[PDB]
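Note that ligands are numbered from 1 as they come in the structure, with each ligand's atoms numbered from 1 the same way. As a basis for the values below, the full set of heavy atoms in this structure was taken, side chains included, without hydrogen atoms, waters or symmetry mates. Letters A, B, ... are given to chains in the order of the sequence lines, protein chains preceding strands, and every chain is numbered from 1.
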Amino acid sequence: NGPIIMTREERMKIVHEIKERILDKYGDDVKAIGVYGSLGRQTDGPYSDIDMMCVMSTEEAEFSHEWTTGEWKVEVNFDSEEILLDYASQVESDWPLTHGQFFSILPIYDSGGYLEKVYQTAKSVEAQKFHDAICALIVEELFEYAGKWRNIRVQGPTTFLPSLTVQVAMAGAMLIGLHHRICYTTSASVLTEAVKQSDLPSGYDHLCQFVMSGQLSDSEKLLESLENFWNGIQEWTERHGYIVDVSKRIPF
Amino acid sequence: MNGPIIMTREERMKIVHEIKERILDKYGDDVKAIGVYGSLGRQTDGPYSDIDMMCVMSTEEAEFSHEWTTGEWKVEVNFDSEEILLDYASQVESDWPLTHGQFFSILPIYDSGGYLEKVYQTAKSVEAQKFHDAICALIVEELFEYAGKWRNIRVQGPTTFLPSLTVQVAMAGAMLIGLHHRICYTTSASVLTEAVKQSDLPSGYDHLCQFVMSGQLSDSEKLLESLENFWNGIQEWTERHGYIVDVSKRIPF
Ligand SMILES: NC[C@@H]1O[C@H](O[C@H]2[C@@H](O)[C@H](O[C@@H]3[C@@H](O)[C@H](N)C[C@H](N)[C@H]3O[C@H]3O[C@H](CN)[C@@H](O)[C@H](O)[C@H]3N)O[C@@H]2CO)[C@H](N)[C@@H](O)[C@@H]1O
Ligand SMILES: NC[C@@H]1O[C@H](O[C@H]2[C@@H](O)[C@H](O[C@@H]3[C@@H](O)[C@H](N)C[C@H](N)[C@H]3O[C@H]3O[C@H](CN)[C@@H](O)[C@H](O)[C@H]3N)O[C@@H]2CO)[C@H](N)[C@@H](O)[C@@H]1O
Ligand SMILES: Nc1ncnc2c1ncn2[C@@H]1O[C@H](COP(=O)(O)CP(=O)(O)OP(=O)(O)O)[C@@H](O)[C@H]1O
Ligand SMILES: Nc1ncnc2c1ncn2[C@@H]1O[C@H](COP(=O)(O)CP(=O)(O)OP(=O)(O)O)[C@@H](O)[C@H]1O
Ligand SMILES: [Ca+2]
Ligand SMILES: [Ca+2]
Ligand SMILES: [Ca+2]
Ligand SMILES: [Ca+2]
């Protein structure tokens, strides 16, 4: 019947059950256990799942247990300290979406401040990595998206335009999050938090109103809204020094 | 940069061969093969399409990519050792229908020993069990969690996320059906349009896709009905096709 309603107290009872099972199964190879996601922020809603992370002493440990009981869902990630720290210091195009997990850790088990170390590593990422990730996002994501809707304008399909518009607004949100080096609280609040940030690219907020409201059927408006956002991107990047290399026809 | 410019297939192929020559010049006999994938590999590139190319290296553990723009056009070249590429071609993730069409239409431009054919043969020869597992994982990892997200939206918001979530659910359903039929979608723009003409869809999916394809995503009440109907169709569909996971234990490890 899909996920059921659960209270915060029931989810924490489940968490401590998982904690005991982890400690029983892996014992002294467990360095730390934490809850992240909305339960880690103590903002989980009725239908929220449980996300837990485990620091293992075993070197090269990298596995996950993800399951449902038919009523609720749990995900537990098991990483060696090195693998977890290296992932926490790595900045992809979706870093604002993903790395909020290291800012929300509720420690449940910790033998030596490992969860604090993970948090310190995530909040201390060098500014250059956000610069590089922003330039990568423009090339690998926004430029490709611009080709996709320009193709749609000349040859369709307009049936893809609503989905693409959603993706573009999300990519724009990642761009803003990388620029402010702030992680969004949750996925559902990515767009609502993005448009309250300072320093938006021209045309971004207008595009987001289509995605947030769901009024994505006027495909001519959407293409014009995408173009204005794309135009504002070049002005915004030049104004913030996120300059993309266009000088080499073949850069290797 | 003025964004992507109009380019013809002839111009894009001229660019491909310039890249091939530079790859062959730089890596010499460590290049086992070079091929084109994406819409240019299918010779269906549109005016604003970019260029996607693959390269098989003999160097062990080679795994890098060069992706760049000139301000007018964009290129991506992926370099993989044969082993890494054959391994990647034979793993089935939740997004296999989105990603692995690349191995079925490679336009060959350089090949020292049928490596491009070997990649294709590897991609088509994946065991049925790998699709079964990917489908069961997808239900747990993606659909069940999406169901909680829209149920959370109904009770505590935000509805401003609902159009986006609905797009994501339609895409995941498209992966689900593509995994079921072992069909890879052509390009991202055709994922939903091809998913809905597949036989034996879960009940409520085509209606959900009609919301997403038409862009009529402002009626939060109707979307929530539609997501629930599709979620119901999933329970019927998986359970009728044997995509069953044991869910009886509170902690299954
Ligand atoms: N190449 C074979 C294998 O690919 C894997 O990565 C796969 C996937 O992650 C990766 O996706 C990469 C991302 O990462 C990176 N952040 C930007 C890049 N444009 C995107 O590329 C892919 O998605 C784009 C659509 N948005 C497509 O336009 C593009 O043609 C496609 N190669 O491309 C690969 C599939 O083509 C691993 N590298 C490795 O297991 C092995 O190399
Ligand atoms: N965990 C530390 C690091 O995680 C990485 O993977 C990251 C990412 O791909 C991975 O994503 C995994 C997927 O893969 C897997 N196929 C389904 C699973 N629901 C999803 O989980 C992630 O996405 C969900 C939202 N859709 C979130 O609810 C979930 O909490 C989040 N961990 O979770 C990790 C981030 O939390 C690498 N494994 C490795 O660098 C190292 O293990
Ligand atoms: N695609 C993704 N990949 C990796 N991490 C992600 C992710 N999406 C979200 N996250 C990270 O993983 C955490 C848990 O994500 P989710 O379970 O999907 C939503 P949540 O933040 O717990 O709020 P919720 O109550 O709506 O569930 C996020 O808070 C975020 O830090
Ligand atoms: N998110 C993704 N990740 C990995 N591969 C993807 C992908 N999306 C699409 N693909 C694969 O990579 C190839 C190239 O994708 P893209 O360049 O993004 C669109 P295309 O198929 O070339 O048509 P188009 O560029 O004319 O719109 C696709 O044909 C497809 O097999
Ligand atoms: Ca969660
Ligand atoms: Ca989760
Ligand atoms: Ca392409
Ligand atoms: Ca591409």
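Contact of the B:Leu107 side chain with the B:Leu40 side chain is not registered, since no non-hydrogen atoms from C-beta on lie closer than 4.5 Å. A heavy-atom distance below 4.5 Å is not found between the side chains of B:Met175 and B:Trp96. No side-chain heavy atom of B:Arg151 sits under 4.5 Å from any side-chain heavy atom of A:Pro46. Here the side chains of B:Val16 and B:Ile51 are in contact, with some heavy-atom distance below 4.5 Å. Counting only heavy atoms from C-beta outward, the side chains of B:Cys55 and B:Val31 approach each other to under 4.5 Å. Taking the side chain as every heavy atom from C-beta outward, A:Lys117 and A:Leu85 approach each other to under 4.5 Å. Residues B:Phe79 and B:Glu63 form no side-chain contact, since every pair of their non-hydrogen atoms from C-beta on lies 4.5 Å or further apart. Between A:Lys148 and B:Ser188 the shortest side-chain heavy-atom distance falls below 4.5 Å.
The ligand atoms of ligand 3 that sit less than 4.0 angstrom from a heavy atom of A:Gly100 are 31 (O). Taking every non-hydrogen atom of A:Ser48 and a distance limit under 4.0 Å, the qualifying atoms of ligand 3 come out as 24 (P), 25 (O), 27 (O). Interface of B:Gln102 with ligand 1, defined as ligand atoms under 4.0 Å from a residue heavy atom, comprises 35 (C), 36 (O). Residue contact check: A:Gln101 has heavy atoms under 4.0 Å from atoms 31 (O) of ligand 3. Heavy-atom proximity to A:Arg41, at under 4.0 Å, picks out these atoms of ligand 3: 20 (P), 21 (O), 23 (O), 29 (O).
For ligand 1, the polar-atom distance check finds no N/O of B:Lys74 at less than 3.5 Å from any of the ligand's N/O atoms. Among the atoms of A:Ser38, some N or O lies under 3.5 angstrom from an N or O of ligand 3. Between A:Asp44 and ligand 3, not a single N/O pair is under 3.5 Å apart. At a 3.5 angstrom cut-off on N or O pairs, A:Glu141 does not count as close to ligand 1. On a distance-only criterion, A:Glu144 and ligand 1 share at least one N/O pair closer than 3.5 Å. In terms of polar-atom proximity, defined here as any N/O pair under 3.5 Å, B:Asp52 does make such a contact with ligand 1. Geometrically, ligand 3 and A:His99 share no nitrogen or oxygen pair separated by less than 3.5 Å.
Below 30°, between 30° and 60°, or above 60°: for A:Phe103 and A:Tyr119 the angle between ring planes is above 60°, a perpendicular geometry.
With a 4.0 Å cut-off on non-hydrogen atoms, A:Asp51 touches ligand 3 through its side chain and not its backbone.
There is a side-chain donor-acceptor pair under 3.5 Å between A:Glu75 and A:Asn77. A side-chain donor-acceptor contact under 3.5 Å links A:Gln128 and A:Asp132. Side-chain N/O atoms of A:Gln197 and A:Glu193 include no donor and acceptor closer than 3.5 Å. Checked by atom type, the side-chain pair B:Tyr48/A:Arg153 shows a donor-acceptor distance below 3.5 Å.
For residues 47-56 of chain A, the salt bridge (charged side-chain N to carboxylate O under 4.0 Å, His left out) pairs, not counting sequence neighbours, are A:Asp49-A:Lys73.
Side-chain rings of A:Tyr242 and A:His179 approach one another, their centers coming within less than 6.0 Å. Between A:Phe160 and A:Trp149, the ring centre distance reaches or exceeds 6.0 Å.
Atom 3 (C) of ligand 1 lies below 4.0 Å from at least one non-hydrogen atom of the protein. Distance check on atom 38 (N) of ligand 1: some protein heavy atom falls below the 4.0 Å cut-off. In this structure, atom 11 (O) of ligand 1 has its sub-4.0 angstrom surroundings free of protein heavy atoms. There is a protein heavy atom less than 4.0 angstrom from atom 42 (O) of ligand 1. For atom 15 (O) of ligand 3, the nearest protein heavy atom lies 4.0 Å away or farther. Taking a distance limit of 4.0 Å, we find that atom 23 (O) of ligand 1 is approached by no protein heavy atom.
Scanning A:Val35, A:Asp49, A:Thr98 for the heavy atom closest to atom 3 (N) of ligand 3 points to A:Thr98. Looking at B:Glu93, B:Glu76, A:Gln167, A:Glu140, it is A:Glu140 that brings a heavy atom closest to atom 15 (C) of ligand 1. In this structure, of A:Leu97, A:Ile50, A:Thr185, A:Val190, the residue bringing a heavy atom nearest to atom 30 (C) of ligand 3 is A:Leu97. When the options A:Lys148, B:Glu67, B:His100 are ranked by their closest heavy atom to atom 19 (N) of ligand 1, first place goes to B:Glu67. Among B:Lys149, A:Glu92, B:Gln156, the residue whose heavy atom lies nearest to atom 19 (C) of ligand 3 is B:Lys149. Ranked by closest heavy atom to atom 7 (C) of ligand 1, the top entry among B:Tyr88, A:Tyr145, B:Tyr37 is B:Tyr88.
Residues that satisfy the salt bridge (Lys or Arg N to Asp or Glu O under 4.0 Å) test with A:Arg249, not counting sequence neighbours, are B:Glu18. Scored by the ring pair (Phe, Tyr, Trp, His ring centres under 6.0 Å) test, B:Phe103 finds B:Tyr88, B:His100 as partners (sequence neighbours excluded).
Residue contacts with ligand 3 include B:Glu145, since one or more of its heavy atoms lies under 4.0 Å from the ligand. Residue contacts with ligand 3 leave out A:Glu75, since none of its heavy atoms falls under 4.0 Å from the ligand.
B:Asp45 places no side-chain N or O within donor-acceptor distance of the main-chain N or O of B:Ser49, the cut-off being under 3.5 Å.
Of the protein's non-hydrogen atoms, B:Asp80 OD2, 2.9 Å is the one closest to atom 1 (N) of ligand 1. Counting protein heavy atoms only, atom 12 (O) of ligand 3 is closest to A:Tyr36 CE1, 3.8 Å.
Between A:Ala173 and A:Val190, the closest heavy-atom pair is CB-CG1, 3.6 Å.
Excluding waters, the set of protein N, O or S atoms lying under 3.0 Å from the Ca ion (ligand 7) comprises B:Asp50 OD1, B:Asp52 OD2.
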